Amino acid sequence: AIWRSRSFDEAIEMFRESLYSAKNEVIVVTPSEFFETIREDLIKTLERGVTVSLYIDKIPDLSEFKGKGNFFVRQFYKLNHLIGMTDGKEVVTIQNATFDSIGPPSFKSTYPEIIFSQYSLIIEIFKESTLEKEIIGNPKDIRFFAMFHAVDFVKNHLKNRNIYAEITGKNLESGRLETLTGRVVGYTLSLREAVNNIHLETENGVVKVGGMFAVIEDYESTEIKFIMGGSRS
């Protein structure tokens, strides 16, 4: 479906309703003007164990976020739209919110063509951003739907800590859904062309797990859980 509105209030309610449904990760791109509007909906999302991956033009006071969950903040100056993408399944977009908050066009959709287009947009923003904050409140259960965020996390931590994974994804040879477990032993992150995957050692050998829309890897996944080595002991 596509749901449409010209009420900022209605759109923000749809945004909140979308975040409330999240099980793994929400990616939020927001003008800093609207951080206070969504701050508590962030907090409540983190408190369910869902990852929040925020993009914002100025880093706010994040005192309140201490220990609340798994939270990543990247600085990107500047997108004038509020975007939320939940579990890679649904997006809510408020267009040009910086300039009209009020009556802007907004939409919510699960259509894969819209998700592809926005996934691609978010990856360009990712390339154009800098990581400013990472809080890993739950190192036994670090969830992602976006493999490029998962791989960025691997890149920053693998040299110092072992990282285990549970992944549900599509076997690109057979087309069937599988659940894999094992140890992350490497990764590919070719930033400029947006190729990204983890190399996961399983009982069947080391396989490559790509993200949404993957082609070259052995698996495609939007359901990723990492477990830091030693965290469960």
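Numbers for residues come from their place in the sequence shown, where the first is 1.
Engineer: Going by the B-factors listed in the PDB entry, is the mean over the C-alpha atoms higher for 172 to 180 or for 31 to 39?
Structural biologist: That would be 172 to 180.
Engineer: Look up the CA B-factors in the entry and say which stretch, 45 to 53 or 62 to 70, has the higher mean.
Structural biologist: Averaged over C-alpha atoms, the B-factors run higher in 62 to 70.
Engineer: Pick out which of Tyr111, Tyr77, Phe126, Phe153 has the highest C-alpha B-factor in the PDB entry.
Structural biologist: Of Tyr111, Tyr77, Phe126, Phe153, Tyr111 has the highest C-alpha B-factor.
Engineer: Among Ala11, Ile224, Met212, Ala22, which carries the highest Cα B-factor?
Structural biologist: Max CA B-factor in the entry, restricted to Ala11, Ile224, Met212, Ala22: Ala11.
Engineer: Based on the entry's values, in what third of the chain does the Cα temperature factor of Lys89 lie: lowest, middle or highest?
Structural biologist: Its C-alpha B-factor belongs to the middle third of this chain's values.
Engineer: Please rank the C-alpha B-factors of the chain's modelled residues and tell me whether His149 sits in the lowest, middle or highest third.
Structural biologist: Its C-alpha B-factor belongs to the lowest third of this chain's values.
Engineer: How does the C-alpha B factor of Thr202 compare with the rest of the chain: lowest, middle or highest third?
Structural biologist: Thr202: CA B-factor falls in the middle third of its chain.
Engineer: Is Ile122 in the lowest, middle or highest third of its chain when residues are ranked by C-alpha B-factor?
Structural biologist: Answer is lowest: the recorded C-alpha B-factor places it there.
Engineer: Ranking the modelled residues of this chain by C-alpha B-factor as given in the entry, is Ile136 in the lowest, middle or highest third?
Structural biologist: For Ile136, the deposited C-alpha B-factor lands in the middle third.
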